[PDB]
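> I would like to see how this sequence folds:
(chains A and B, ligands or ions: 1)
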Amino acid sequence: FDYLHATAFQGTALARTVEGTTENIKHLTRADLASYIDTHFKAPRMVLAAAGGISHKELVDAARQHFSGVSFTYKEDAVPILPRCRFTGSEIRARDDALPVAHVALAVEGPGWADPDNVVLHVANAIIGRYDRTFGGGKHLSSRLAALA
Amino acid sequence: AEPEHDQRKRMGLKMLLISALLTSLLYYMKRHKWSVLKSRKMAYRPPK
Ligand SMILES: CCCCCCCCO[C@@H]1O[C@H](CO)[C@@H](O)[C@H](O)[C@H]1O
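Numbers count the residues shown, from 1 in each chain, chains lettered A, B, ... in the order given. The structure is reproduced below:
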């Protein structure tokens, strides 16, 4: 799945692993870390969510107390508009025959969180569904791909 | 000796035009399909 992103969104920010390079982990500084936190962990880009036996008003009160001072400039208010990521009809094949079983991922470009088509794509994905050799349903599973599998 | 003289060369014209067109088109389609291999890069990355 890392390789999938690395080639699907090749040449963009989405092509990077969440954990990062070995060199980066090696050489990241306290300044670099503190910079990330100050640059990204900012109030408008954060959501304090809660769920349980919690009074909402009591929640926003304790939140009002510990989630702190107002930003001064307009820069610190505005939420950044990320540069777009380019999809690439491409492949990456990392071959290792000593590896017991092979893994294959194939994907096309999606619509994004906003698009209402994401609902239909989930309905479609539900049709094909999923399987692993412990699915007790076996040959009688409704999913055609699972039945053929 | 060859009454087909006129039609033969008339065909030769049609042939050469068609052949020129088709050879070019098929060359693109070949290059298009082979573009996957022609541009392909590979690396050797062991757990060295
Ligand atoms: C790849 C090769 C394609 C060759 C196409 C040749 C088509 C020839 O076509 C011929 O041309 C003659 C001259 O007008 C006509 O008399 C014939 O009726 C016609 O069939």
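> how far away is whichever residue of chain A sits closest to the ligand from residue A:2?
Nearest to the ligand in chain A, going by CB to the nearest ligand atom, is residue A:89, at a distance of 32.8 Å. Using the backbone N, CA and C atoms, a C-beta is placed for each residue, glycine as well. Noted for residue A:89: a distance of 19 Å to residue A:2, by CB to CB, to the nearest Å.
> More neighbours: which of these two?
Taking other CB atoms under 10 Å in any protein chain shown, residue A:89 and residue A:2 do not tie; residue A:2 has more neighbours (11 against 8).
> dump the residue contacts of the closest residue to that one other than its chain neighbours.
Ranked by CB to CB, 6 or more residues apart in numbering or on different chains and with sequence neighbours excluded, the top spatial neighbour of residue A:2 is residue A:17, at 5.1 Å. Shown in contact with residue A:17 (CB atoms under 8 Å, 6 or more residues apart in numbering or on different chains): A:2, A:5, A:6.
> ok, of these, which one's closest to residue A:115?
Using CB to CB, residue A:5 comes nearest to residue A:115 of the contacts of residue A:17, at 19.6 Å.
> so which helix or strand takes in the residue minimising distance to the centre of chain B?
With distances taken as CA atoms, centre = their mean, residue B:27 lies nearest the centre of chain B, 3.1 Å away. Counting by DSSP states H and E, the element that carries residue B:27 is helix B:5-39.
> got the buried residues for that helix?
Within helix B:5-39, no residue counts as buried by 16 or more other CB atoms under 10 Å in any protein chain shown.
> Do a quick rundown of the helices in chain A.
In chain A, the helices defined using DSSP state H lie at A:2-8, A:22-27, A:30-40, A:56-66, A:117-128, A:144-148.
> can I get the ones you listed in JSON lines with distance to residue B:8?
What follows is the helices of chain A, written out as JSON lines (distance: least, CB to CB, whole Å):
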{"stretch": "helix A:2-8", "distance to residue B:8": "56"}
{"stretch": "helix A:22-27", "distance to residue B:8": "72"}
{"stretch": "helix A:30-40", "distance to residue B:8": "79"}
{"stretch": "helix A:56-66", "distance to residue B:8": "93"}
{"stretch": "helix A:117-128", "distance to residue B:8": "60"}
{"stretch": "helix A:144-148", "distance to residue B:8": "58"}
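> and the gap between residue B:5 and residue A:61?
Using CB to CB, residue B:5 is found at 104 Å from residue A:61.
> what does residue A:111 give?
Counting by CB to CB, the gap from residue A:111 to residue A:61 is 39 Å.
> now swap in residue A:23 and tell me
46 Å.
> thinking again about what came up before, is it possible to get TSV of the contacts of residue A:17 that adds distance to residue A:38?
What follows is these, written out as TSV (distance: CB to CB, whole Å):
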residue	distance to residue A:38
A:2	28
A:5	27
A:6	29
